[PDB]
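Order-wise, the sequence lines are chains F and D. With the authors' numbering applied, the first sequence corresponds to residues 78 to 423, in that order. With the authors' numbering applied, the second sequence corresponds to residues 114 to 565, in that order. A short worksheet on the structure shown next.
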Amino acid sequence: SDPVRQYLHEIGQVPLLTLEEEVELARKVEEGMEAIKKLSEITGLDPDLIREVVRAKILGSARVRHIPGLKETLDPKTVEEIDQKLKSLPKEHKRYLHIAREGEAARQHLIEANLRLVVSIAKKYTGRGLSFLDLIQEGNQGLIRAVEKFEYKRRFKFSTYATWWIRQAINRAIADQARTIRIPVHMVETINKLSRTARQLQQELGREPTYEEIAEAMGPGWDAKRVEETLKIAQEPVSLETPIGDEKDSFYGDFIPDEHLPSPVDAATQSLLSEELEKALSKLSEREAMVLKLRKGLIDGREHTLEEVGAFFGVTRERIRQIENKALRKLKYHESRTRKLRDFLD
Amino acid sequence: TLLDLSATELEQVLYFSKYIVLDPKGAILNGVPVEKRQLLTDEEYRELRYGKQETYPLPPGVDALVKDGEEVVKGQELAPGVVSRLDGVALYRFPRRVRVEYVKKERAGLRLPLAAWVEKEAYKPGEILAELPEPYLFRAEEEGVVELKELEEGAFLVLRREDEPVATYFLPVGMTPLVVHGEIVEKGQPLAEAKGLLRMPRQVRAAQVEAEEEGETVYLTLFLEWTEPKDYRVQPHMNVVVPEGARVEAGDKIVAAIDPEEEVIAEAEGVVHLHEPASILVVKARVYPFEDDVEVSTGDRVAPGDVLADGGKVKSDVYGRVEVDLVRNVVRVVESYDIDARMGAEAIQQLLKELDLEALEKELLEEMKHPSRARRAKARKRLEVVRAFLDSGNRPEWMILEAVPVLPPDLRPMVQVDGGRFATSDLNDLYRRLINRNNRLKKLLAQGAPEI
DNA sequence: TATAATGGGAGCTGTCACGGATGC
DNA sequence: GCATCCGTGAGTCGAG
Ligand SMILES: [Mg+2]
C-alpha cells in the first residue's frame, strides 16, 4: 500500500553486517576485481566485457542487456561463448574466474546489506524538490559507487566512505532534477549561495536586503545588476492549472491568450494585402511584375539576386535592376494616385 | 478478468508485493509441488530460488560442539546456547583462533629393569610400557645441561653439553622427573623416578622399538611420533587461507592479513584445526570435495546428474546453485530450484501474450452449462471480455505499455506570461518524473544493481 | 573521495445514494 | 442468500 513502508520492509529483510562480514565482503570484491584484471591479462580480452560476463552468470540470465560502453551486444549467445572461453583455461588461470564470481556475489551482498544507510541519510533531504523514494534511489547509486571504490586496506568501516558518495549522489540529484527548467550545477550552487547570503543579511538587517547589500556581501565581481539577473534566471515556472477563486471552476491558464496563431483580423488583413499587391502589380507588365515578385520573394519565397533574374529573363544584371527600378517607380506613381496600399502601412 | 486474477492479486504482482511463477521447473514448497501462475511471497520465492540457510551467533569465549563441513540435523545443538532450526551442512564463519598440531618424529632412549619391561616391537598410545614392583630411579648416562620439554602427559629430557645435545630421554607417564629446565647433571644422577605401572601418553605413540640388553637392565631406543599444538589468534581484519585439517609445510601461510608482519606462517609440518568461529552458518546443501580441476564456476545453476569436477567424475545429487570453495577445495551445491517467478507488468504482459483466446472461449463456453448460477455468471462476465478482444482484433497484451506516448507540447504548453514569467502544464512535471525514473532504471540495470 | 554514521512520517475525521464487487 | 467495502456522482450564466 505505502511504497516507502514496503521498501523499508524489503530493506529490513537483509541483516546488518558485522565487522568481519564487512571486511570479508569488501576483500572478496577487491580481489575479484584484481582477478578480472588478471583474466584480462591472460585472455587479452576487454576487462569490462569479462566483468559483464561474470556479473551476467552471477545475476543469471534473468538480466541481460546491451551495455552502452561494450562493443558487442550482450546476449546469452556471446556470454556463453565468453564463459566457455573462460572454462577453457588451466587450473591456476581458471581459479581467477571463481575469484571473480565470488567477487561479484560479495558486491551484491555488500550493497544489499548497506541499503539502510542510504535511507537514514536520504530522510534528511526531503522538501528539497525530490520525492523520498527518489532521494533513496539516487542515494543507492551513491552506495554502489562507494562499494566499487572502497579499499578495506585503510581499515576504515564501510559507512564512513559510503556516506560521502551517498550525500554526493543525493545532492547531485537534487541539483540536476529539481527544476522544470534545468539549471547547471555550478549555477545552482551560485543561486543557493545567493539565497544563503541574502538570508544571513536579512537575519542581521531585520528586513529583506536590497540588491546592493547582497552585492556587497557576495564580494567583488558582484554588483546589483548581477544579483538581480541571477535572481531573474532562478525564477521557477508556475502551474497553468493553478486554481483561481474559492470554487474549483477556474484555472489560471484560462486568462492566458494565444499570441502565436494569427487573429481573424490579422489573417484577413494579410489576405487583403496580398490581393491588393496583386492588383497593383497587375498595372505593370508581365516582366516587371515577375521581376519584382522574384526579387521580393513572392514566387518561391526566396529573394533572388540580380544575376538570377537577369539570367532568367536573359538580360544583364544592370538591365534587370533597371526594369526593377522602373517597376517600383510605376508602382509608386500608381500608389500616390489611388492611395490603395497606404492603409496597410499601419 | 482475462487472466483470472483477483484485484488484490494483480495489485500484489504489478506493485511488487508478490512473485508469480512461470515454468516452475518443479519447485516444492511445504511438500506441495509448484505449478504455473502460483502466488509466491518473498520468503517463499527466496527459499525456492536461492535455497534455505541461516547463521547463528556465538557468545564470547564459547567454542563449537560441531566441526566445519559436518552435516547437521535439525534440533542438534551447535553450541551450548545455539540450536539449529534446520538440517544441513554447517560451516565456520570467522574463526577467532587457529590451532596447529605440529608433526614431530624423533628418537629417544630409556633404561628399565629387565623384569619390569614388557617386550613389544612397538607401542600404541596408552599401551603399558613396563610394570615396576618397586620405585626405580632412571639415571643420566651422559653429562650436560637438561632441556625439559613437558607434553600434556609424558616428558622429554635433552642433555646438551656444548649446547649440542648429547642425549635424548623419553619419560612416559608414571615417571616423575627429578630435574628442572636448565639443570646441570653429571653422569649417573637420577633424572626421574618411576613408580608402579608406566605407560605411553595419549599424545605420543612409539613407532619403533630397539632394545639393548645390558646386565640386569634394558636400554630402549624408541622411535617416536607425536604432535605439538600451537595456538594462533586471528583478528577481525584477518582471513584464514587454509581449510580444516589441511597438511601444511614450513613456509606456507595459514592466515593472511593487511600487512605482512602480522601474517601467520606455518613453522613446521602440521595439521590445521579451526576453533572458536565468530558465527556458524547452517545451509541445506550437498558437499562435493574435489582432487582436481573443476568444470563449473561459482553461481552456475545445475540439475541432478550434472558435471561438477575432476573431468566428469564427481557429479550433482540434488537441484541447486554452485558455490566453488577454493579454500576448502570443495564444490558445494546449495539446493535450489531454477524456477522462474517474475513481478510487475512484465510478468503480466508475458501471461497476456500466452493467452490463446479461442481456447479460453471454449473453456468458458463449457463453463456456461454448469448448474451453478454464480459460475455461469462469472464465466459470462469473462467471456464478454474474451469475445470483446476476439471480435475487435485487439491483442490483450496491449493493455501493458512498453512505450508510453507523449502528448504534443502545444497541448501542454510552456508559455511566457505577460510579465515574462513562465507558466506550464502539470503534464510536463509528470512526464519529467517518468523520464527521470526510467533513465535511472536503465542506468541501474546497465550497472548491475541488486534486486531490491 | 576515508572517524563513524545502517527501517519515514503525516493522517483529518458533520453528505449520500447508488451500484457493483467480496465475505459471513 | 446479505452485510459491507469502494468508487463515483452531486445546476446554469456572471467574477475571481
Ligand atoms: Mg560588490
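Note that the Cβ used here is the ideal one computed from N, Cα and C, for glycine as well.
* **chain F contacts made by the region 434 to 460 of chain D, where a contact means CB separation under 7 Å** => The region 434 to 460 of chain D vs chain F, Cβ under 7 Å: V437, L439.
* Asked: So, does the CB of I310(F) fall closer than 7 Å to a CB anywhere in chain D?
  -> The residue given as residue 310(F) occupies position 233 in the first sequence. By this cut-off, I310(F) is not an interface position.
* Asked: Residues near ligand 1, CB to any non-hydrogen atom under 5 Å, in chain order?
  -> This selection yields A292(F), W299(F).
* Residue range of the alpha helix (DSSP H) that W242(F) falls in? -> Your numbering for residue 242(F) matches position 165 in the first sequence. Secondary structure note for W242(F): its alpha helix (DSSP H) is the uninterrupted segment 235 to 254.
* Asked: Shortest alpha-carbon distance to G201(D) belongs to which of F251(D), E448(D), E474(D), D117(D)?
  -> Reading the second sequence from its first residue, position 88 is the one you call residue 201(D). Of the candidates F251(D), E448(D), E474(D), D117(D), the one whose C-alpha sits nearest the C-alpha of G201(D) is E448(D).
* Excluding sequence positions up to five away, which residues of its chain have a Cβ less than 6 Å from the Cβ of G433(D)? -> In the second sequence, residue 433(D) corresponds to position 320, counting from 1. Excluding positions up to five away in sequence, the list reads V446, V447, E448, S449.
* Taking the Cβ atom as the reference point for each residue, do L421(D) and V409(D) lie within a distance shorter than 7 Å? -> Locating residue 421(D) in the second sequence gives position 308, counting from the first residue. Locating residue 409(D) in the second sequence gives position 296, counting from the first residue. Cβ distance < 7 Å, so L421(D) and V409(D) count as in contact.
* Please compile the residues from chain F whose C-beta is within a distance smaller than 7 Å of the C-beta of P563(D). => The residue given as residue 563(D) occupies position 450 in the second sequence. Residues of chain F passing the Cβ test: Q185, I188, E189.
* Since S119(D) meets chain F, which of its residues come closer than 7 Å, beta carbon to beta carbon? -> As a position in the second sequence, residue 119(D) is number 6, starting the count at 1. Within 7 Å Cβ-Cβ: nothing; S119(D) doesn't reach chain F, min ~16 Å.
* For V259(D), is the classification buried or exposed, using 16 other Cβ atoms within 10 angstroms of its Cβ as the cut-off for buried? -> Within the second sequence, numbered from 1, the residue matching residue 259(D) stands at position 146. Buried, by the Cβ-count rule.
* Asked: Which one of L126(F), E363(F), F390(F), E285(F) has the shortest CA to CA distance from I159(F)?
  -> Numbered from its first residue, the first sequence carries residue 159(F) at position 82. Out of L126(F), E363(F), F390(F), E285(F), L126(F) has the C-alpha closest to the C-alpha of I159(F).
* Asked: Hey, out of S165(F), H86(F), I176(F), whose CA is closest to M110(F)'s CA?
  -> Within the first sequence, numbered from 1, the residue matching residue 110(F) stands at position 33. Looking at the Cα atoms, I176(F) is the closest of the given residues.
* Asked: In chain order, what residues of the region 243 to 261 of chain F put their CB closer than 8 Å to some CB of chain D?
  -> When C-beta distances to chain D are compared with 8 Å, the residues of the region 243 to 261 of chain F below that value are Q254, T257, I258, in chain order.
* Asked: What separation, rounded to the nearest whole angstrom, lies between the Cα atoms of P342(D) and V213(D)?
  -> Counting from one through the second sequence, the residue named residue 342(D) turns up at place 229. Counting from one through the second sequence, the residue named residue 213(D) turns up at place 100. Rounded to the nearest angstrom, the gap between the Cα atoms of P342(D) and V213(D) is 5 Å.
* Asked: Among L278(F), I258(F), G283(F), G298(F), which has the Cα closest to the Cα of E290(F)?
  -> Looking up residue 290(F) in the first sequence gives position 213. Closest option to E290(F), Cα to Cα, is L278(F).
* Asked: Nearest-angstrom Cα distance between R489(D) and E476(D)?
  -> Looking up residue 489(D) in the second sequence gives position 376. Looking up residue 476(D) in the second sequence gives position 363. Within the model, the alpha-carbon separation for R489(D) versus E476(D) is close to 12 Å.
* To do: State the start and end residues of the unbroken alpha helix (DSSP H) segment that holds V106(F).
  => Counting from 1 along the first sequence, the entry for residue 106(F) is found at position 29. Its alpha helix (DSSP H) spans residues 96 to 120.
* Asked: Residues in the region 320 to 350 of chain F with C-beta within 8 Å of chain D's C-beta atoms, listed in sequence order?
  -> From the region 320 to 350 of chain F, only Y329, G330, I333 have a Cβ closer than 8 Å to chain D.
* Neighbour flag for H175(F) against chain D, beta carbons, 7 Å -> Within the first sequence, the letter at position 98 stands for residue 175(F). Taking Cβ atoms only, chain D reaches closer than 7 Å to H175(F), which makes this a yes.
* Round the Cβ separation of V400(D) and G188(D) to the nearest angstrom and send it over; I've been treating them as touching at under 8 Å. => Position 287 of the second sequence, counted from the first residue, corresponds to residue 400(D). Position 75 of the second sequence, counted from the first residue, corresponds to residue 188(D). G188(D) and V400(D) do not touch by the CB rule: their CB atoms are close to 21 Å apart, not below 8 Å.
* Can you name the start and end residues of the alpha helix (DSSP H) that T330(D) belongs to? -> Stepping through the second sequence from its first residue, residue 330(D) is reached at position 217. First-last for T330(D): 330 to 346, but that is the beta strand (DSSP E), not the alpha helix (DSSP H).
* Asked: Checking contacts by CB at 7 Å: is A391(D) closer than that to chain F?
  -> The residue you call residue 391(D) lines up with position 278 of the second sequence. Yes, its Cβ sits closer than 7 Å to a Cβ of chain F.
* To do: Can you tell me which of the three DSSP states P341(F) falls into?
  => Here residue 341(F) corresponds to residue number 264 of the first sequence, with the count starting at 1. Secondary structure at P341(F): helix, using DSSP grouped into helix, strand and coil.
* 8 Å contact criterion, which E122(D) and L152(D) should meet: CB distance rounded -> Numbered from its first residue, the second sequence carries residue 122(D) at position 9. Numbered from its first residue, the second sequence carries residue 152(D) at position 39. Between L152(D) and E122(D) the Cβ distance is about 6 Å, and since that is below 8 Å, they are a contact.
* Hey, which unbroken runs of the alpha helix (DSSP H) at 4 residues or more fall wholly within the region 523 to 561 of chain D? -> Entirely contained in the region 523 to 561 of chain D, the alpha helix (DSSP H) runs reaching 4 residues are, in chain order, 539 to 559.
* Assign residue 60(F) to one of three DSSP states: helix, strand, or coil. => Any property of residue 60(F) remains undetermined from this structure, which presents chain F solely from 78 to 423.
* Asked: Ordered along the chain, which non-local residues of its own chain (more than five positions away) have a Cβ less than 8 Å from that of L142(D)?
  -> Walking along the second sequence from the start, residue 142(D) turns up at place 29. Apart from sequence neighbours up to five positions away, the residues of its chain that approach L142(D) with a beta-carbon distance below 8 Å are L153, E157, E160, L161, ordered along the chain.
* Listed from N- to C-terminal order along the chain, which residues in the region 339 to 368 of chain D have their beta-carbon within a distance smaller than 7 Å of any beta-carbon of chain F? -> The residues in question are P349, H350, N352.
* Contact check, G267(D) vs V286(D) under 8 Å by CB: the rounded distance? -> For this step, residue 267(D) is matched to residue 154 along the second sequence. For this step, residue 286(D) is matched to residue 173 along the second sequence. Indeed they touch by this definition, with Cβ atoms about 5 Å apart.
* For the alpha helix (DSSP H) containing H411(F), list its first residue and its last residue. => Position 334 of the first sequence, counting from 1, holds the residue named residue 411(F). For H411(F), the enclosing alpha helix (DSSP H) stretches over residues 394 to 415.
* To do: Mind reading off the beta-carbon distance from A363(D) to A391(D)? Whole number of angstroms is fine, and I expect it under 8 Å.
  => By one-based count along the second sequence, residue 363(D) stands at place 250. By one-based count along the second sequence, residue 391(D) stands at place 278. By a beta-carbon distance limit of 8 Å, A363(D) does not contact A391(D). Their separation comes to about 29 Å.
* To do: Given a cut-off of 7 Å, decide if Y345(D) and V444(D) are closer than it, judged by their beta-carbon atoms.
  => Taking the first residue of the second sequence as 1, we reach residue 444(D) at position 331. Taking the first residue of the second sequence as 1, we reach residue 345(D) at position 232. Their beta carbons are not under 7 Å apart, which means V444(D) does not touch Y345(D) by this criterion.
* Along chain D, which residues have their Cβ under 7 Å away from the Cβ of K373(F)? -> Within the first sequence, the letter at position 296 stands for residue 373(F). What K373(F) touches in chain D: nothing, since even the nearest Cβ is about 32 Å away.
* **CB contact check: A398(D) to chain F, cutoff 7 Å** => The residue you call residue 398(D) lines up with position 285 of the second sequence. For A398(D), the answer is no, since every Cβ of chain F falls outside 7 Å of its Cβ.
* Opening and closing residue of the beta strand (DSSP E) in which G201(D) lies -> Taking the second sequence and counting its residues from 1, one reaches residue 201(D) at position 88. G201(D) -> beta strand (DSSP E) spans 201 to 226.
* Leaving out five residues before and five after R128(F) in sequence, what residues of the same chain have Cβ atoms less than 7 Å from its Cβ? -> In the first sequence, the residue the question calls residue 128(F) occupies position 51. Within the same chain, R128(F) has close Cβ partners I113.
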